[PDB]
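Enquirer: Here it is: the structure, laid out below.
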Amino acid sequence: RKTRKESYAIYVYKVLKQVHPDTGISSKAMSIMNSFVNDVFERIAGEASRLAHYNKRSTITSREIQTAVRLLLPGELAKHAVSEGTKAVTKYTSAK
Amino acid sequence: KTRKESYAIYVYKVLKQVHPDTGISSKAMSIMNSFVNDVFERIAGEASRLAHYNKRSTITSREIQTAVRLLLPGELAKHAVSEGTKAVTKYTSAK
Amino acid sequence: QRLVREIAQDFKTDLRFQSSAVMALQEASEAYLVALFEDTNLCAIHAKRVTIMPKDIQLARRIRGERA
Amino acid sequence: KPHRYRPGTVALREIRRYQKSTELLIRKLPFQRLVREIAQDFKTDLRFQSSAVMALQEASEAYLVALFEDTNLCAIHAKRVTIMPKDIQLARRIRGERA
Amino acid sequence: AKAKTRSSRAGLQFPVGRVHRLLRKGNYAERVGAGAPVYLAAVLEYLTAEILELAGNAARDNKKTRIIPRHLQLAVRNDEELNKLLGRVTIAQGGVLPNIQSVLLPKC
Amino acid sequence: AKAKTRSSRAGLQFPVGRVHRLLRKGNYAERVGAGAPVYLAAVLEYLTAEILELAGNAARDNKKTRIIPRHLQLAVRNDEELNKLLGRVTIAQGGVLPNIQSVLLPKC
Amino acid sequence: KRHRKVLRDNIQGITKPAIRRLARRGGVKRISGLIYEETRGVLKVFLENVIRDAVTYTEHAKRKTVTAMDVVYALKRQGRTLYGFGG
Amino acid sequence: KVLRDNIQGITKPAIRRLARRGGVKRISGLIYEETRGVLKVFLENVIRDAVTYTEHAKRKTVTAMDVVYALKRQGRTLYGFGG
């Protein structure tokens with residue numbers, strides 16, 4: 001009883017309810033989400049890093065990712081995704 | 001002003017070491033100045049990841065050497081590895 | 001499982017293989033093979049044939065660039 | 001009365017010439033005008049830095065040439081000599097950009 | 001003093017508190033603007049939500065209540081747009097899309 | 001006192017001084033072992049010397065004594081071993097290797 | 001002047017012989033007349049893909065001019081790295 | 001009667017099945033050979049890297065994550081087995 005693992009199993013499970021309150025989720029599939037969402041998280045993070053390096057800014061802020069997400073996502077998703085962050089920031093900023 | 005770094009002189013220096021006579025144009029010089037960069041992160045890339053991959057917090061020559069086999073294919077691996085092994089022991093000999 | 005053990009013996013000696021790591025090679029190879037198969041048809045149908053021959057699978061692996 | 005080369009007899013000559021040569025082939029002026037035209041949509045009144053434009057030319061021809069040589073092979077694979085668009089679709093398909 | 005999770009403060013579900021630590025140890029930068037992760041976590045929740053919506057409809061067709069990768073591979077491949085995000089990913093036991101070239105079919 | 005070049009210390013042409021600077025600034029890791037930059041500097045010298053010799057050789061073989069990119073492309077594409085490393089990148093004013101498909105040849 | 005720009009028909013700036021010469025470097029012997037239209041679209045199709053992200057770099061940098069250093073950057077992301085302009 | 005190269009352990013019908021999943025209708029006999037060689041080639045690269053991470057970690061046992069890492073290198077990511 002040691003070496004606790006870290007994953008996103010709880011989180012993906014919760015959001016599943018909001019879209020399909022009935023649907024059940026297989027265990028082995030849950031690995032794929034625990035893998036897939038990890039795959040994206042590094043793909044963006046490295047992409048954001050180089051932009052700061054290109055512009056010599058010693059920091060990564062919401063601006064960089066906003067441009068960054070405007071690169072990886074092909075076309076349509078970005079505007080919703082960009083919109084998604086903007087509203088999310090506004091609520092956070094309002095209740096910072 | 002506007003001091004800018006490169007690797008022009010070093011490219012020139014080794015050129016003589018193999019060919020002390022032949023000349024080079026400034027355009028092709030930039031390509032090496034570009035190319036010498038291009039490899040540098042690519043090897044630095046796999047080198048970086050392996051450290052976290054073994055949860056190692058420091059990059060060392062041992063880490064580099066395996067990365068050499070990964071990136072460069074064919075005989076250049078054992079060739080350059082021999083060079084690298086030869087190079088380091090020379091420096092440690094004069095550390 | 002025999003095949004992987006045989007080939008791996010060339011690169012190094014005495015490799016105990018974790019059971020979970022095994023089935024991965026099939027799936028990765030399977031999809032790679034499956035993907036390498038479908039496009040071969042497009043090469044085949046392009047010449048108005050229906051049957052695939054190895055000269056096509058060679059051509060297909062070139063266009064991807066992997067043949068070189 | 002005047003001599004005429006046979007069909008394709010001329011054509012192969014430029015092949016030999018152009019692969020030996022290493023200069024650009026597109027007319028310089030229109031290409032700079034076209035990139036300005038397309039780029040206008042993403043952003044108004046941008047200024048193209050003079051050195052930047054030919055880089056797009058260099059890559060484009062390099063990218064373009066790679067297409068035709070690849071589309072060339074399948075035509076032979078199709079036992080043909082002349083390329084028609086269906087080949088390029090196939091070549092673009094296999095690499096994985098059109099699809 | 002009492003503490004509240006940041007994920008709630010953004011009205012989000014994904015772990016902003018956790019993912020912020022990841023970039024800190026990810027060595028992508030030496031300093032991270034505090035606004036960046038909150039933006040980031042929001043993106044993922046949108047992305048993840050987009051796919052199982054498609055997956056859930058597939059599970060309806062086969063009537064199974066439990067979601068399965070065969071759904072997942074099927075869902076993310078029919079959408080041409082999402083296809084481009086994962087053009088070079090292969091799913092475990094996914095299976096190919098049901099497709100047959102027209103010429104292969106009988107003439108009538 | 002009496003400082004000396006680390007590149008000279010190993011007898012290397014490439015600057016060991018500047019390369020180790022980049023690794024600290026490159027954020028590739030949080031600490032850098034001493035031996036690694038020496039090894040890295042060594043291999044690069046092998047690579048550039050390898051390619052330069054072929055280019056300088058071939059240009060001389062073409063009765064020319066100034067290296068230009070057309071020479072440079074010829075060396076890379078003619079050696080498959082290097083062609084693997086540089087299969088992706090194309091060089092400005094590189095020019096294509098002289099090649100014609102056999103079937104394209106005249107009928108006689 | 002200080003207004004308006006050339007924004008029409010520039011896709012025809014690539015005149016028929018220009019492609020014909022380009023294809024010669026590819027070694028194709030004989031070409032039918034139909035292929036001219038497709039490549040213009042194909043060339044364009046590839047093109048804005050290069051510009052679009054290239055534009056994105058500039059706006060993040062808050063410039064107005066498009067530098068070559070940005071052009072190669074996007075070309076790296078798409079995959080086709082270019083030697084001879086920066087690095 | 002199984003003592004030989006295990007490449008022939010890849011039975012011909014198994015190939016015939018895979019061609020079906022790719023939608024291949026008709027297969028010539030000569031395909032069965034290069035498919036062996038082509039597949040053979042594919043293993044050579046992946047294990048070489050797969051071996052490399054293991055021995056770098058000094059481990060004598062090839063583990064699952066080592067596989068996906070090498071597969072990620074060839075531009076073919078593998079969802080489902082870690083990371």
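Numbering starts at 1 and runs along the chain as it is shown here.
Just so it is clear, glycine is given a Cβ too, placed from its N, Cα and C backbone atoms.
Not my notes, these are from Swiss-Prot:
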- G:1-5: DNA-binding region (DNA_BIND)
- G:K16: UFM1 cross-link (CROSSLNK)
- G:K76: ubiquitin cross-link (CROSSLNK)
- G:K1: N6-propionyllysine (MOD_RES)
- G:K5: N6,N6-dimethyllysine (MOD_RES)
- G:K16: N6-propionyllysine (MOD_RES)
- G:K16: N6-acetyllysine (MOD_RES)
- G:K16: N6-glutaryllysine (MOD_RES)
- G:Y36: phosphotyrosine (MOD_RES)
- G:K44: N6-glutaryllysine (MOD_RES)
- G:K44: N6-acetyllysine (MOD_RES)
- G:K62: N6-succinyllysine (MOD_RES)
- G:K64: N6-glutaryllysine (MOD_RES)
- G:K64: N6-(2-hydroxyisobutyryl)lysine (MOD_RES)
- G:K76: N6-butyryllysine (MOD_RES)
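Could you place these features in context, so I can see how deep they sit and what lies close by?
Expert: When Cβ atoms from all protein chains are considered, those within 10 Å of G:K16 (UFM1 cross-link) total 10, not counting its own. In the three-state DSSP scheme, G:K16 (UFM1 cross-link) is classed as helix.
In the three-state DSSP assignment, the secondary structure recorded for G:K76 (ubiquitin cross-link) is helix.
G:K1 (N6-propionyllysine) falls outside any helix or strand according to DSSP and counts as coil. Annotation for G:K1 (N6-propionyllysine): no spatial neighbours, criterion Cβ-Cβ under 8 Å with sequence separation of six or more.
For G:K5 (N6,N6-dimethyllysine), no same-chain residue 6+ apart in sequence has a C-beta under 8 angstroms from its C-beta.
In the three-state DSSP scheme, G:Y36 (phosphotyrosine) falls into the helix class.
Using a 10 Å Cβ-Cβ cutoff, G:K44 (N6-glutaryllysine) registers 14 neighbours. In this structure, G:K44 (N6-glutaryllysine) is part of a helix by DSSP.
Under a cutoff of 8 A between CB atoms, and with a sequence separation of 6+ in the same chain, G:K62 (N6-succinyllysine) has no neighbours. Under the DSSP three-state reduction, G:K62 (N6-succinyllysine) is assigned to coil, being neither helix nor strand.
For G:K64 (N6-glutaryllysine), the same-chain residues 6+ apart in sequence whose C-beta sits under 8 angstroms from its C-beta are G:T58.
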Enquirer: Return only the integer: C-alpha distance in Å from G:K16 (UFM1 cross-link) to G:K76 (ubiquitin cross-link).
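Expert: Rounded to the nearest whole number, the Cα-Cα distance is 30 Å.
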Enquirer: Rounded to a whole number, how many Å is the Cα of G:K44 (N6-glutaryllysine) away from the Cα of G:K76 (ubiquitin cross-link)?
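Expert: For G:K44 (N6-glutaryllysine) versus G:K76 (ubiquitin cross-link), the Cα atoms are 19 Å apart.
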Enquirer: Provide the number of Cβ atoms within 10 Å of the Cβ of G:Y36 (phosphotyrosine), excluding the reference atom itself.
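Expert: Within a 10 Å radius of the Cβ of G:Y36 (phosphotyrosine) lie 15 other Cβ atoms.
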Enquirer: Between the Cα atoms of G:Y36 (phosphotyrosine) and G:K76 (ubiquitin cross-link), what distance do you get, rounded to the nearest Å?
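Expert: Answer for this pair: 28 Å between alpha carbons.
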